[PDB]
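S.K.: Chains as they are written, first to last, in the authors' numbering: chain J, 4 to 240; chain G, 8 to 244; chain Q, 1 to 196; chain M, 4 to 241; chain K, 9 to 122, 134 to 241; chain P, 2 to 205; chain I, 5 to 251; chain H, 8 to 233; chain L, 4 to 240. Even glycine gets a Cβ: it sits at the ideal position worked out from N, Cα and C.
1) Hey, would you say residue 44 of chain I sits closer than 8 Å to residue 162 of chain I, going by beta carbons?
2) Which chain L residues sit within Cβ distance under 8 Å of residue 15 of chain K?
3) Leaving out five residues before and five after residue 6 of chain G in sequence, what residues of the same chain have Cβ atoms less than 6 Å from its Cβ?
4) Can you tell me where the alpha helix (DSSP H) holding residue 154 of chain P begins and where it ends?
5) Which residues in the same chain have their Cβ closer than 6 Å to the Cβ of residue 157 of chain I, if we skip the five residues on either side of it in sequence?
6) Would you say the stretch 18-34 of chain G touches the stretch 126-141 of chain G, given that touching needs at least three Cβ pairs under 8 Å?
7) Near residue 10 of chain H, which residues of its chain fall below 7 Å by C-beta distance, leaving aside the five closest residues on each side in sequence?
8) Give the residues of chain H in contact with residue 89 of chain P, contact being defined as C-beta atoms less than 9 Å apart.
9) So if DSSP puts residue 134 of chain M in a beta bridge, which residue, or which two residues, is it bridged to?
10) Give a yes or no on whether 8 Å exceeds the smallest Cβ distance from residue 193 of chain G to chain H.
11) Between residue 91 of chain I and chain P, is the shortest Cβ-Cβ distance under 8 Å, so that the two count as touching?
12) Reducing DSSP to helix, strand and coil, say where residue 214 of chain H ends up.
13) For residue 217 of chain I and chain J, any beta-carbon pair shorter than 8 Å?
14) With DSSP collapsed to three states, give me the class of residue 104 of chain H.
15) Got a sec: which bits of the stretch 60-75 of chain I sit with their beta carbon under 8 Å from any beta carbon on chain J, in order along the chain?
16) For a test of the three-state rule: what should DSSP assign to residue 11 of chain I, helix, strand or coil?
17) Let me know the secondary structure DSSP gives residue 247 of chain I once reduced to three states.
18) Is the shortest distance between the beta-carbon of residue 170 of chain K and the beta-carbons of chain J less than 8 Å?
19) Over the uninterrupted beta strand (DSSP E) stretch that includes residue 140 of chain I, give me the two end residues.
20) Quick one: list the residues of chain Q neighbouring residue 217 of chain J, beta-carbon separation under 9 Å, in chain order.
21) Using 8 Å as the threshold, is the C-beta distance between residue 18 of chain J and residue 124 of chain I below it?
22) Mind listing which residues of the stretch 198-214 of chain L have their C-beta closer than 8 Å to chain K's C-betas, in chain order?
23) Give me the Cβ distance between residue 49 of chain K and residue 217 of chain K, rounded to the nearest whole Å; I'm assuming they're in contact under 8 Å.
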């Protein structure tokens, strides 16, 4: 019938709905709060022997205290990061205080809403999600639907297999299991590990320790944390 | 589809819109004849006047674009007047930009370029009017040219446009194949007898309007009733 | 009427700047800082007309930070200096030229320390040493007299104290304190502010 | 038909513009009009349907004053007719501002016809649904009268009619002997012709809007005094 | 038909009859304008516990004396609320006084249809010189003064209940309880403090959040 | 005045199947010197150099913009620039800012890529080309280079003697002017080699 | 089902973009292999009609900057304008920063312009995918592959041609990182081109190859002319003959 | 939309229809000889009413660049006017290079406004370009959608297939002197229906001295003894 | 029906269909009457109410001290027309300090609304306007239809079931010039009351009155102000 940016006879916005269903094509993305550290992972499983793994860039920083991850179209996501990064540098230029996570998420949501508006612009079929420590200590996580909206979540769980991983997170999202940085990281694992095989090195985790720079976990330490998760799984017969 | 609805190339490799406009020239019920001679060029077209409530003073299809170039229009009258106005503007602009008067061939080229722009793009449509323009040109003698709704500007010696243009062109081809130059009596008589054989009404000296440009006498003379009557009497003798 | 100075050593750039901002009769901030941390190893000095210096220095700094965030690796000091000059020269011919006077310094892992000089016309130039302001006319001679291309950090601090003491002894406006920062391979190192 | 009579930019297979061929139908459907060039002037006349007595004295009149000496009698879609009348007024004002004096009727008619042709040439805009007569008089150029179709071009008319019944009016117009009759009897005769044209046979009562221009008014195209032309209406009734 | 501008063959252009029925997909919202003030009650309808309740907000204060409740596409409501804030601040800056809620609603209605039309309905409520007032603005650039309005997926049932539970001389204390019992009847789950937002309007108070999880004193009575 | 804001003195001369371009290496505001290694001779190719004199900022801006346009043209065509064509490109670039002119007086010195024909030309601030076969100069003290060259130049000169003459002229001119000097750079372009020399000059 | 470019699918796919990218596989053939001290491109000359003169000196391989070169594999109409825009971007960066543009930044700019073309407006997506080889100060020799979807990738051995699957399989089978050198990269490129081109004993005219090498502080992008290419062909033929006969 | 458009999955349907249109019926052969390039075409005017010295098929874009074309002549007029403007602009920017053959490749490249910005409806003319200001000749063809091809001998008429076959069988070759115009006329003869005459055949030649549209006298002289 | 899809396209049978559909916008609206007198102009509008809780909406909009309008139909592009008329009247005040005559304002409205009837992509202003004004020639009542063809009227009504009000006004229009203010207002109230079904009746809350006179500037009377006029209703539903 009609699949353009106009209201349908039953309501809704079918082009926006199609964009919102396009995130399913992509990859899983999990991340949590904890007042000590925000950690988010992607778990990409596609690397040929001839492609360099440096330029996958599934997680990227904005202002060394804000980082975002992919779920959906990669080119649209990269354009979003470029524009958002420009806007964070602008909001660092004016208003000399560093950017807040809510402000940049609001800007990203506003850009997505603007692109959904009018028939000319394709509605940016990317679902972004942003973590990071604010200026006033508190680390926060917001998840932005492609249409126009952002929501502050304790767990994001966006991408392929989003429903199952979100159910697992909300099932056992224990703050006592959050506590320490290591506990937080090991809670993100065994939750993202649940998605697909996750066997050798598929997990691609990211770390933001309060005021430290964006930490990308080394593969050997990732395997160490996987072994610790296995040890916790053991002795539970 | 819409191959035959808009100015786009057909799947067979043709352009149907201009092919329809050329027949639009045939629509309207009129004919014109242009004959170049040894020293002059004359154009005659019938003056179809339904009822005498019209002003035969202004029902003409021939006009003065400049002091030495005269056109005759075939097709829809509105597009004909628009193209006449455009030609007058082009002649004036050429005389302003370049001191010498605009050559008739250059004016035809500019009008044909405008028509080619019209058949280009899709917002506008070609003008359904074919213009035959004549004028004396130094170092060239009399000159006659035709600009069509497509943009192909050409034509010489004897050229006709209108509903029964094919028969007139055939008779003029027979006449020009007869190798004898036409003076400033034979050119006019040849044009008159051509248009009379095309439409046998004996041409009472009120239903045609002839324009003449000679070499010794420049300017586009719209010959009056007395002149056309005298030429008709001389021919029918 | 301000003061900027920079000295390029074998593996470092030592830069000092005055810490006064005034209103033509009176200084209102003895703690004014005009060091601009362009990146982890690039530092900028911008003196001149009020506000215009702040606007230009801030804009160039934020563009450099945007480049660092957008590529992961920071700009080379030479590239940063060339970009700064290009932007200033583009603004010069515009309706709103930036009457900013600059002194850009930085360290690179491959070419070592770097120091660049340019004026409100945006004429970039690389020099081992460069003083800037009304005090340049007073201290450039001391720099050229007591500078060798193999000056260590302690000797550089000694020469910088020499020229600052000359400025205090001979220059008209009081400059009670100066901010001293050194750029090297480890990054930006700030030294104790020199006062009198 | 079908896919060819959708936009004016689409030519017919035979080479015709069906959008204007349908715009002419609106003029053919709307009320008729008549304009006669008298010996020393031009006399207009239009019947107007009083669709309801709720309306006041004759409003949205088919007659318009486009310039000091020029008047326009229009028929068809009346809103676009008024817009085109405003266009003609602007054109006359611009010509007076640029070249001085008063705009010749032939040039004004040619310019407004070119503007109408520009509107019917493109695709986004649609052809005007109105046809009008432009009548004016001057001592130098006598009396002229040009009629413009919704897509055609201005033509010199000794006497013209447009609207619902063009042929029926034109028959009696050609029956009338112009070019030697003064504008007074021409007012009487245009009223007579309009009442000869059917008014209440299948419609409501009609009002008679008649216009004047000539040496008897020294140019200055104005509506005829209706109080003194009611007796002309009475003669037309007889 | 399908064109956003073409009129329907019968009486009224389409694609705006489609935009107006976007509160149907939106969540329920109810506001009561009494002599005491204006009570604005909405549901948050949290889908998962992990999402912070404070993040999901349907009632946002346009200014200190104007509160707005959205029902529909929150993305479009963000733009409309931002324009309302900008217009209110511009009016205050120009005239050094508090812009009337009717004027704000008029400006937002003007900006509603000027781009595919916005598909959100707003329930503005605030105090002015003409006592507390409440206005219902609809996606089709139309605003109407109302005393007790309901909007959302089940606007029909909530409005029908409000039509008979409301009386012209009520106070805030009765209005909040009536709105909450109606809400509990409309919704699927219960009216937990983490799921129900409430906004109060007072002549001598700015419009703040309803006690922020200490509002159970109003839901325990329910 | 304005053209003498930052000083500068650039020389170019013709030899026998060889060219020579020279320039001072001083940069500074009205009275002081800021650096003694400023670049005013820029290589547009293997056998083609340009010299700029005027405001140092305008020198660098013209050099960068010309390098940009020349690189674009070289990529578009794929054949090396002819010195006459590059002089034309400089002339157009200068004239594009007729009412905001870059206060520089560029000169062109180089050899044809195939015929190895020497070519030296000069341009004013607006961009008027002055192509000759003996020598052109630019800067604050252009009259001094003219006076020196009109007696030190000899047609059909070997590259060694051409270097000697250009060095003598530049050294004497930068000695007799008050704003330029403190080191002279000279480039000798032959059919197969480039000779870059830093002259022993009065550093004052 | 397809419509104006800026649409989606009921599932949520950009089927116009996917169709264009699949069409890129149709027609044209280029491959890039990255090795130490040299990275090279191999291109298949599609039309070898004897009535040409080969005066453009390059059809698939384009020199886009002093430190990089590309090879298109799409429609030539968009390929020409894309190469012009890429050269313009590189030279604009050179003007702004007075430094050769890093390859990743250049590729990101080009893929940004392609993403913009497929994002907004009623404009066709740029139906062309091109490789890039280049050298920079930060990462040294680099190879990148960009598709019309605007989603580039940092590769080290890839093909973009018609039999791109077969070519990349042959590469994966006979690719050895680290041990690879410029000469071994040439041998592998000629071998995989012979595999993907059905006619054995490929002529030097039907194959155009360019190698980027790092000289002393300067990047040299040499396109291998006919004699050198056919000498490589002869060496490859000797290797094939020895390998086949030694069994 | 407003550019070159209508490209479905793996196809350029509108471009393919434009290429079907440019099949035309005017051969307009071109031969790149060692000394220069010859562009010869057929002017088969309908009846004798039309004139041959009034309109021309070969147009000198500049001093030594000549141009011949194919179907859709009215489009060709605008295209050659644009080419003349572009060449003049290049010569004004890069002043006095006498740019013909160092421009022939460049002017062919700048034939991107020719098709890459189609103008809703793409041009329906394919044009052959000749230039010889480099010490060597050049023959290039630009089609309704592609770009420079750098031909040595080709035809673009109704019988362009058999014309090209005749060109290759007759060995366009490399040692051929400037007087390969005889072979060009013979190639036209294959795609010609009638006794070709001086006004019926229009040919322009571009040698190292420059470009020149041969007058009917020399055309008849060459046509004699054929 | 193809020819009814767009405003620009013309129906083969004559007048276009989109504008005919536009006149149905005023038909689908609350009724409103407006009548002239010797010295006063009065508008009686039916304030249609959504529900008993909500207000009866706003009709009889205010333009200037001497001009007031009543809308009927599509309320979206009706405040736009009100703003346009207010701006034009204030422009007249600002340029020559005189109240803009109602006829000139109505002509301006017609010209402004005519353009959307011819420009593609622009819907006609489907609003019926009952403009009441007092220029120097006494009171004036004008009706503006979306067809941009305005009318002058002694007494006209527009809205749903407005034909009965039209008939009543026509039958009683003879005794309209010689009527007191209250008498004319009661005539209008009787006309509007005859529009609604017998179940509905005039109330103070669902009616609005707009009166402009020689010494009385335009005033919008409602419930308390309407009650003196509503007395003596002579209720015959």
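M.R.: This is what the structure gives:
1) no
2) 21, 24, 25, 27, 28, 126, 127 and 129
3) What the structure shows of chain G is the stretch from 8 to 244, and residue 6 of chain G is not part of that stretch, so it cannot be assessed.
4) Run containing residue 154 of chain P: none; DSSP gives neither H nor E here.
5) 149
6) yes
7) 124 and 125
8) 100, 101, 102, 103 and 104
9) M:78
10) no
11) Closer than 8 Å: yes.
12) Looking at residue 214 of chain H - three-state DSSP - the assignment turns out to be strand.
13) no
14) Here residue 104 of chain H carries a coil assignment [DSSP, helix/strand/coil].
15) none
16) coil
17) helix
18) no
19) Segment 134-140, the beta strand (DSSP E) holding residue 140 of chain I.
20) Correct list: empty, because the minimum Cβ distance to chain Q is about 10 Å.
21) Result no, Cβ atoms of residue 18 of chain J and residue 124 of chain I do not sit closer than 8 Å.
22) none
23) 5 Å
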